[PDB]
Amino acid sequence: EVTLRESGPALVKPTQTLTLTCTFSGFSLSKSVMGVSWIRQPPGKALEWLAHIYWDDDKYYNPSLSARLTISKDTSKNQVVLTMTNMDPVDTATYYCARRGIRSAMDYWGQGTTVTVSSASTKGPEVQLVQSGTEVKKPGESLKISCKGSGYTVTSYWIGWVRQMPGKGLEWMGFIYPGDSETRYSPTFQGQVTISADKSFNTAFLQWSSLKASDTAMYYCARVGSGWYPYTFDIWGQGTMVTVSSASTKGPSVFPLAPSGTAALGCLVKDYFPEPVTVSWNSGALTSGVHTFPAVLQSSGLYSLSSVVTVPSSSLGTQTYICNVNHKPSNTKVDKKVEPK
């Protein structure tokens, strides 16, 4: 019978080179018209074709990766080798070798080999769910968010997704059993979202094909208890904040709230998008009496916030007061001195 088998390292350090081997049986590369491809499947992404080899050294590469890719054959051995240069965490995936047969489609595939490109170990061996970062999207865009489990048998516990609209309660969206991808959607969310998982990568996903502004919310993934606390949500991810808006990135304008026992002064951080903005007073030295307020969303679609401090009226004129504003999404950092007008 025909078989393909891949082998290689489970882990590769960033910048290092990956080398995978495809051992095949039931056909000869040199004495046949068949070919061997390398195809990767990143967790939560489409299958991506990398390289193809036909006898005799007739090599084809994905143009986007050509620079880092080398497909080869040991003239003696029944093996096809892939070398992939300058490994990055984005290269983490299941790598498959597949045979392009007489029907031009990939008729036989290897069992697949998972490759993890990671710097070092940081956080563990505690039971946890770690969700992907803050999302800021336009209406109509598609989105897929992730939840990676660690410190336990991720394959063996149901994971739920829960929506929390701003200032509102918890709404169960659906469950997924990672080991076999069995799903149980809430009747409210059935057909609105797709829940899925990558068993090898211990990751669950939640996705929208076309986002609406009303999808703006915090999304939690949580483990369903088994044995201990059965049927409850015993472990929670830290949450992924999702914002859906037609507004575009814009750094803020920082304006003083010039002072007048006790005096009040502050900064007005105006017309920025998206959230968040961080506000500090005197590079962290001033914290007592500080009030950084929640932002308000204006009709324009831009946010606005104020940060105030109450200080001794005698300190004005002597003591310098600066608010340090940082809007990382637009790379806008402003230090604004606030003084009596």
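A residue's number is simply how far along the shown sequence it sits, counting from 1.
According to the record, the deposited sequence contains no missing residues between residue 86 and residue 87, so the chain is continuous there. Here 69-77 and 107-115 are compared by their mean Cα B-factor, and 69-77 comes out higher. If you average the C-alpha B-factors over 29-37 and over 284-292, the higher value belongs to 284-292. Out of 309, 50, 297, 46, it is 309 whose C-alpha atom has the highest B-factor in the PDB entry. Across the options 178, 124, 174, 237, the residue with the most elevated CA B-factor in the record is 124. Sorting the modelled residues of the chain by their CA temperature factor places residue 338 in the highest third. Annotation for residue 247: C-alpha temperature factor in the middle third relative to the rest of the modelled chain, per the entry. Per-chain ranking of the deposited C-alpha B factor places residue 277 in the middle third.
In the PDB entry, a CA B factor belonging to the highest third of its chain's modelled residues is recorded for residue 120. The deposited CA B-factor of residue 316 belongs to the highest third of values across its chain.
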